[PDB]
Structure formats: structure tokens, C-alpha cells
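Notes for the structure review
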Amino acid sequence: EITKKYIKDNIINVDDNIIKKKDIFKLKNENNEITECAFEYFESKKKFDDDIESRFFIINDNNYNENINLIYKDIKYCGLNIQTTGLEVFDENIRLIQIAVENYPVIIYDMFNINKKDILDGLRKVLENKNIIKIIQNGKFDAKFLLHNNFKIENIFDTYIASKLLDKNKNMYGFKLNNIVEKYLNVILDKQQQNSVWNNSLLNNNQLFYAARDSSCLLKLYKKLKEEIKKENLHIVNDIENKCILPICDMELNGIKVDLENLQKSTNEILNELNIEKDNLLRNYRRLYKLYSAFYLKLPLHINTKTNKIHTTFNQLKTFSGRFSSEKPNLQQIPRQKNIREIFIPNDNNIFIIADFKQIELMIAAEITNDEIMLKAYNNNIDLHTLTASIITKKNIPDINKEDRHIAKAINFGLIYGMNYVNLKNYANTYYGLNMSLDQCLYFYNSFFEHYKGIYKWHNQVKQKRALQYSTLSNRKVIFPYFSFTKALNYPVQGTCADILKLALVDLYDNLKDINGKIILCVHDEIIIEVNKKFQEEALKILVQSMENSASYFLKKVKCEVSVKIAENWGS
Ligand SMILES: [Cl-]
Ligand SMILES: [Cl-]
Ligand code: NA
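Residues numbered from 1 in each chain as written, not as in the entry; some residues may be left out. Chains lettered and ligands numbered in written order. Heavy atoms only, no water.

For this coordinate set, the PDB header names X-ray crystallography as the determination method and states a resolution of 2.80 Å.

Under the PDB entry, the name given to the protein is Plastid replication-repair enzyme, and the organism recorded is Plasmodium falciparum 3D7.

In C-alpha cells, the structure reads:
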């Protein structure tokens with residue numbers, strides 16, 4: 001009886017809190033005349049002990065009144081959330097789409113009980129309207145579901161990204177919605193309802209009050225977190241990261257197509273190999289054993305049988321440095337040999353363009369340290385390993401040879417990141433195959449820091465201060481648990497690289513729309529895009545200019561170097 005009171009709206013009154021009510025709301029038509037309209041909404045009987053908007057409109061095919069769309073007139077921002085039947089976008093559907101507009105009940109789109117397009121026209125206009133801020137928690141997740149269900153969205157403020165940046169990698173956990181709301185608003189949402197079955201055709205009264213509340217809280221969170229972001233001078237990094245959601249979604253949705261012929265043929269090749277090595281019976285066996293078991297055995301599990309592609313998961317802020325991380329599969333863990341890389345290929349009538357930054361870590365070090373010899377050397381287009389070779393050997397560039405440059409690579413990568421001369425001996429002889437003496441390495445140390453005075457000043461200022469707070473050129477921030485000299489030198493370089501790559505993906509995303517380019521992959525200091533073969537030379541220019549513009553945003557005293565190649569596979 002009471003349970004059956006609002007089946008008309010596909011709701012179940014399990015308890016006795018849900019009450020339907022009708023009242024007039026304050027609204028305005030296009031002619032700047034106050035049309036105050038009547039609407040039917042739902043409110044709890046037991047009042048919540050907080051100011052979070054718990055009331056809501058529910059939209060369905062039955063009780064659709066067009067005038068709720070006019071709530072969106074002249075808004076500047078709105079809370080946005082969805083409720084899904086699961087996590088995997090391809091294998092799941094959006095159950096609810098909630099829109100929280102300030103000082104009104106939460107508008108909830110019942111997607112399982114709407115089969116007409118005209119209702120969603122109001123929603124689609126809001127989401128496309130670049131002049132509305134969409135406050136979201138877990139913006140990549142929601143944006144993926146919307147983009148896959150043909151919705152379009154621009155202009156996002158992700159409370160997860162804001163909460164992570166403000167945390168400065170002091171915590172691994174505590175970035176769920178209930179955690180963030182408990183922290184910044186001191187409110188405990190009903191986190192049981194995250195697990196509750198949204199695949200039901202009807203929904204219970206507690207589910208929808210959770211639905212509404214978990215969107216309306218975003219308005220208060222937006223005020224608190226935007227203020228906190230501005231206090232900590234994190235607006236530049238937070239703004240880049242929010243804009244970077246959409247390129248990330250483009251990568252996770254586009255995926256990368258796989259050549260199953262060379263994959264299976266290659267897998268049979270490794271079979272014949274390791275069986276033949278057992279017949280011949282550490283070097284070749286563990287090579288084949290890991291190459292098979294790590295690569296050729298696990299990669300078949302990730303490809304989608306229908307589409308012949310891998311859709312990896314890109315993490316945005318789950319690293320110390322701030323660089324992207326990838327998992328399921330970890331794209332950086334793919335072997336760098338060409339025989340395997342060539343398996344990954346474009347789609348039909350498309351082609352890869354692949355661009356790498358060159359020496360960007362060293363250039364960033366020159367920038368931030370103001371090292372005169374390095375900066376003027378880069379401006380003259382003199383290679384830094386050639387430069388160090390000249391300083392060490394005291395020879396001129398026409399006399400420097402490949403052996404000198406090799407020792408110089410060990411000296412630069414060794415000493416720039418904080419190694420002493422003993423660690424330089426072990427580092428060079430291990431990773432570069434030299435046999436340097438400790439007297440020679442001591443000469444390299446004194447000569448290197450005698451000439452590179454900015455780098456020397458950088459190292460001694462860090463070692464003297466023993467600080468824990470460190471930052472990048474985007475003002476991304478980290479707080480160390482304890483002082484580590486090498487980590488302290490590594491953070492501004494690597495974190496500025498992450499800033500450059502992420503902003504490059506933002507500009508690249510906005511620029512590739514005309515040719516309908518697809519962003520595929522970002523690993524280390526490399527970016528891969530797909531375009532139809534007619535836009536080949538064009539997309540070459542778009543990619544290089546986007547990456548250069550990002551590096552030009554952050555770096556003033558040094559011009560980056562992009563190496564770009566067009567390819568029909570990753571291994572080229
Ligand atoms: Cl600051
Ligand atoms: Cl901001
Ligand atoms: Na969400």
C-alpha cells in the first residue's frame with residue numbers, strides 16, 4: 001500500500017520518508033519576465049541534519065514538464081553526477097544523470113524510463129555549453145560514460161583532481177566522495193548506496209536521496225576547493241589537469257588496434273625458440289621465458305575480440321612525479337624492441353604520427369638552475385653531451401669523438417641528478433660499460449661543477465636547506481615524508497615534464513578537431529596520434545606545434561626539440 005504510492009515515477013517507498021509535493025518555483029522566460037512555474041518534486045519526511053539539498057525532481061516519459069529545462073537559464077555552474085550499472089563503460093549503462101543547480105532541488109534524469117530525445121535536449125545544451133562549469137567528482141569516469149553514450153561535455157571542475165593536488169602526494173587513499181565531503185563539509189553521505197543495485201528497473205527512496213545529495217554537495221565543494229586552490233597557487237596546474245580529462249578519455253576510448261597475425265605468428269616463434277633452447281640445453285632462456293610469459297602470454301587477455309584493440313587505463317594523478325601512469329596493460333612495460341612494437345598499428349585508412357621530446361629533462365634543469373653555459377649552449381644548438389665532452393677532455397668540437405660523448409653521457413646523467421664521484425664510477429662502469437678510476441671520476445666531478453655553476457648552486461642550496469616542500473613550473477606541489485637529495489633534484493624536472501606533456505595534450509586535443517584526429521598514447525616523453533591518411537602532413541604540423549606551444553608556456557630561456565615521425569606502427 002505505502003510501498004506502492006509512487007510506482008508511477010518508478011520509485012519504491014520502502015521506508016516512509018519519500019513525499020511528493022508540488023510548489024511554485026522562481027523562474028524567468030527569454031523575455032526577462034518572471035515566469036514562476038509549478039513543479040512536482042520529492043522530499044524526505046525526516047529532515048537531514050545539514051544544508052545539503054536532499055529534495056529532487058525526477059524526469060521520466062510520464063511526468064516530463066519542459067519548464068524544468070528553463071532552470072538552466074543563466075546558470076554559471078552546476079553539479080554533475082551519474083549513476084551507472086557498473087564500472088566498465090562498454091559493458092554498462094548510465095542509470096541516472098543528476099544535475100544540481102543551486103537553490104533548487106536536484107534534477108534527476110531517469111535514463112531507464114526515458115525513451116525520447118527532446119527531454120535530454122536541455123541536458124545536452126548545458127553539457128556542451130563551454131560557459132558553464134560542470135562540477136564533477138571523478139570526472140574521467142563520468143566523462144567516459146557520457147562521451148560513450150553520445151553526450152558531449154566541455155568545461156569541468158573535478159573535485160577529485162582538486163583534492164589530490166591539495167594533498168601533494170601525502171596520502172594514497174582518502175579521495176572518494178564520502179571522504180572529500182566528510183573532510184571539506186563535515187557530512188557523512190550514505191556510502192552503502194554506491195554498491196546498491198542501480199540495474200533495478202525501479203529505485204528505492206534512499207537511493208534517490210543519495211543520488212541527489214551526491215550531486216548537490218558538489219556545489220559547496222566547488223566553493224571550498226576553488227578557494228583552497230587559489231590560496232595554494234594551484235590554479236595553473238588544476239586548470240591544466242581539468243582540461244586534460246578530455247584528452248585522457250579520448251585515449252582510453254580510442255584505444256590502439258593490434259595486429260593479431262604478427263602477434264600469433266610471433267607467439268608461435270617464441271614457442272619454437274624456448275623449446276629448441278631446452279633441446280639445446282640463463283641468458284636466452286629467461287629472455288624467452290619472460291618475453292613469452294610477460295608479453296606474449298598476457299597481451300591476448302587485453303584485446304577485445306570484436307574490435308581487435310586494447311583500451312588501457314590512464315591514471316592522471318597516481319604518481320609521485322605527476323607523469324601519466326598506465327595499467328591493464330602498463331604501456332611503459334611493453335618491450336621497446338621493434339619486433340614487438342610493430343604489432344600495434346593504426347586503424348583502416350588511418351596512420352600514426354609519433355613525436356618525442358629530446359633532452360627535455362636536461363633543458364628543464366638548465367632553465368630552473370639558470371646555468372649559463374648550458375642555456376647558451378642549447379641556444380647555439382650545441383649538444384649537451386658534446387658540451388660536457390669539450391669541458392672534460394678540454395678538446396675542441398672538431399676533435400671530439402664518439403667515445404668522449406659516451407663518457408659525457410655518463411657524466412651528465414650521473415652528476416646532474418646528485419651522484420658523487422664513487423657512484424659515478426659504479427654508474428658509468430655498469431650502465432655504460434666503462435672502466436673509470438676514482439681519480440678520473442673525481443676529476444669529472446670537480447670539472448663538471450667548476451663549469452656548471454648554476455647546477456652546483458642548485459645542488460648545494462637543496463642539500464643545505466634539506467626541504468620537504470618542492471614544486472614544478474606549473475606550481476604543482478609535493479611534500480616529502482623525509483628529505484632525499486636525489487628525489488629533491490628529480491621532482492622539478494620530471495614534474496615539469498608532466499606539466500608539458502599534459503598541456504600539450506590539451507592544446508593537441510583542441511587542435512585536432514578539424515581533421516578529427518584521435519589521441520592514442522602518451523608514454524615517457526612520447527605522444528602518438530591517429531589521423532586519416534589524407535591529413536598526414538597537416539597532423540604532423542599540428543602535433544609538433546602543440547607540443548612546442550606547451551613547452552613554450554613553461555620554458556623561457558630554452559627552446560625544446562621535437563623529433564617527429566609518421567609511421568604505420570609503433571616500432572618504426
Ligand atoms: Cl606557492
Ligand atoms: Cl581553479
Ligand atoms: Na561522479
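On to unusual backbone geometry. Following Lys-328, the chain continues to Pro-329 via a peptide bond in cis, the omega torsion being -5 degrees. Counting through the fold element by element, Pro-329 comes out in the loop between strand 14 (325-327) and helix 9 (338-341). For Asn-138, which is not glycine, the phi torsion reads 60 degrees and is therefore positive. (Helix = DSSP H or I, 4+ residues; strand = E, 2+ residues; numbered from the N terminus.)

It is worth spelling out helix 11 (residues 372-379) at this point. All of the buried residues along helix 11 are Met-374, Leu-375, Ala-377 and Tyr-378. Considered in projection along helix 11, the buried side chains sweep an arc of 165 degrees and stay on one side of the axis. Away from its buried face, by an angle of more than 90 degrees, helix 11 presents the exposed residues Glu-372 and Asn-379. Looking at the buried side of helix 11, the elements it contacts are helix 10 (360-369), helix 12 (384-393) and helix 16 (453-465). Between a side-chain oxygen at the N-terminus of helix 11 and the backbone nitrogen of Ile-373 the separation is 3.4 Å; the capping residue is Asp-371. Immediately downstream of helix 11, the backbone of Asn-381 shows phi near 60 degrees, a positive value. (Buried < 20%, exposed > 50% of the residue type's maximum accessible area, 1.4 Å probe, protein only. Arc of directions from axis to C-beta. Contact = heavy atoms within 4.5 Å. Polar contact = N/O pair within 3.5 Å; in protein donor to acceptor, adjacent residues only side chain to side chain.)

Split into domains, the protein comes out as domain 1 (11-232), domain 2 (256-309), domain 3 (311-360 + 468-572) and domain 4 (372-451). Once you take the C-alpha centre of each, domain 1 and domain 4 turn out to be 58 Å apart. (Domains from an automatic or database assignment.)

What follows deals with the pattern of salt bridges. This model, assessed by the stated rule, comprises 21 salt bridges. Via salt bridges that share partners, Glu-241, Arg-476, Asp-499 and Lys-502 belong to a single interconnected network. (Salt bridge = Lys/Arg side-chain N within 4 Å of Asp/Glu carboxyl O.)

What follows is about the packing of aromatic side chains. Applying the stated rule across the entire model yields 29 aromatic pairs. A centroid spacing of 4.8 Å and a plane angle of 50 degrees characterise the contact between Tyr-445 and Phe-449, whose relative ring orientation is tilted. In this pair, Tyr-445 and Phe-449 are both assigned in helix 15 (residues 438-451), four residues apart and thus about one turn of the helix distant. Owing to a relative accessible area of 30%, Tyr-445 belongs among the partly exposed residues under this scheme. Ring-pair connections join several aromatic residues into one group, and the members of that group are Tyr-6, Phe-42, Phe-48, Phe-56 and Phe-209. The ring of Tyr-289 is capped by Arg-286, whose NZ or CZ atom sits 5.0 Å from the centre of that ring. (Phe/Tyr/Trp six-rings, centres within 6.5 Å; stacked < 30°, edge-to-face > 60°. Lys NZ or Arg CZ within 6 Å of the ring centre and 35° of its normal.)

What follows is about the pairing of strand 19 (residues 518-523). Burial of strand 19 is extensive: five of the six residues sit out of reach of the surface. In this structure, the hairpin formed by strand 19 and strand 20 (residues 526-532) is closed by a connection of two residues, where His-524 is found at a positive phi of approximately 55 degrees. (Pairing = 2+ DSSP bridges.)

Here we come to the sheet that holds strand 20. Taken together, the four strands give an open sheet; going across it, the order is 19-20-16-21, and neighbouring strands pair in antiparallel fashion. On the outer flanks of this sheet lie strand 19 and strand 21 (562-567), each paired with one strand and no other. The average angle at which neighbouring strand axes cross in this sheet is 20 degrees, direction not considered. The strands touched by helix 17 (residues 485-511) are strand 16 (350-357), strand 19 and strand 20; relative to strand 20, the strand with the most contacts, the crossing angle is about 15 degrees. Along the sheet face, helix 18 (residues 536-554) touches strand 16, strand 20 and strand 21 and points at about 25 degrees away from the line of strand 16. (Axes fitted to C-alpha atoms, helices over the stretch in contact; angles between N-to-C directions.)

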